[PDB]
2 protein chains.
Amino acid sequence: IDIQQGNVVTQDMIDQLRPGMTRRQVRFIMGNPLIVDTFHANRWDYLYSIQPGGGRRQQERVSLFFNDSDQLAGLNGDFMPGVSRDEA
Amino acid sequence: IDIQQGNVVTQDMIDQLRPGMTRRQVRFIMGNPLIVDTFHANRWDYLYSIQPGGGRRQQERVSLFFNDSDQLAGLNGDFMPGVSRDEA
């Protein structure tokens, strides 16, 4: 008991989330959000080198997202660790 | 072909990043960002259950961040997978 019919969000649902998903896709997986906020965010973009010394054309892209409190809240890039949950 | 002196960003620097870091802490680790953008973002908050039959007081918190493209760009929560990089 103790939790009503549909509000139970599980770790399995969180594990299905992937970067790039739209709000509609998240709503299907997670259900309706409990609280929604809008604010001014900042994104920081970097070129980075894997196996340093590889040259300018071998660089890849990473983006960092900061939230309302100006604290790091997201990492966009191509790492392929077998993404289960993004992070936190 | 060879990148210039002091803007070489490595995988090791990305691995040091953690959620909650400020822009000043990131700037120390990563150097000055290549491109900076500001936009309107959305955050979606959820309570979730760690295991089935948890009860209301055993729920934890997860926050989802959506970027300018209305795509999932970050996750906030408590997972403790030994965060190397916020997945992407």
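All values below were derived from every heavy atom in this structure, side-chain atoms included, with hydrogens, water molecules and symmetry-related copies excluded. Quick note on labels: first sequence line is chain A, next is B, and so on, each numbered from 1.
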Winner by heavy-atom pair count (cut-off under 4.5 Å) against chain A, out of B:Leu47, B:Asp45, B:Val26:
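Top option by heavy-atom pairs under 4.5 Å: B:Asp45.
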
Hydrophobic clustering (ILVMFWY, side-chain heavy atoms < 4.5 Å, transitive) - are A:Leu64 and B:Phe65 grouped together?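 Not linked; separate clusters.
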
What are the two closest heavy atoms between [X] and [Y], and how far apart are they?
| X | Y | answer |
| --- | --- | --- |
| A:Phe79 | B:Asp86 | CE1-O, 4.4 Å |
| A:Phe66 | B:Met21 | CE2-O, 3.9 Å |
| A:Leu72 | B:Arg18 | CD2-O, 3.6 Å |
| A:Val83 | B:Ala88 | CG1-N, 4.1 Å |
| A:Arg56 | B:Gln4 | NH2-N, 4.3 Å |

Are B:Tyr48 and A:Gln11 packed together at the side-chain level, in the sense that at least one heavy-atom pair is separated by less than 4.5 angstrom?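 A side-chain contact exists here, since the closest heavy-atom pair is under 4.5 Å.
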
_So which residue, A:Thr10, A:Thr22, A:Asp70, A:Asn7, ends up with the most heavy-atom pairs under 4.5 Å with chain B?_
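When all of A:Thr10, A:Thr22, A:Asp70, A:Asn7 are compared, A:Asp70 has the most.
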
Under 4.5 Å from any heavy atom of chain A - which part of B:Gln59: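 Side chain of B:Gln59 only, per the 4.5 Å heavy-atom cut-off to chain A.
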
Going by atom type alone, with no hydrogens or angles, which donor-acceptor pairs under 3.5 Å involve a side-chain atom of residues 28-42 of chain A and a protein atom two or more places apart or on another chain?
unit_1	atom_1	unit_2	atom_2	d
A:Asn32	OD1	A:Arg27	NH1	2.8
A:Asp37	OD2	B:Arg43	NH1	3.4

Checklist line | Evaluation steps, side-chain contact (heavy atoms from CB on, under 4.5 Å), between A:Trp44 and B:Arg23 | finding: CA-CA 9 Å; A:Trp44 282 15; B:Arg23 295 195 287 255; 3.6 Å; yes

Item checked: side chain to side chain contact (heavy atoms under 4.5 Å, CB included) partners for B:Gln71, two or more places apart ->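 B:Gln71 satisfies side chain to side chain contact (heavy atoms under 4.5 Å, CB included) with B:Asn67, B:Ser69 once adjacent residues are dropped.
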
Checklist line | side-chain contact (heavy atoms from CB on, under 4.5 Å) assessment of A:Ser49 paired with B:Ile3 | finding: CA-CA 10 Å; A:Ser49 300; B:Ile3 314 178; 3.7 Å; yes

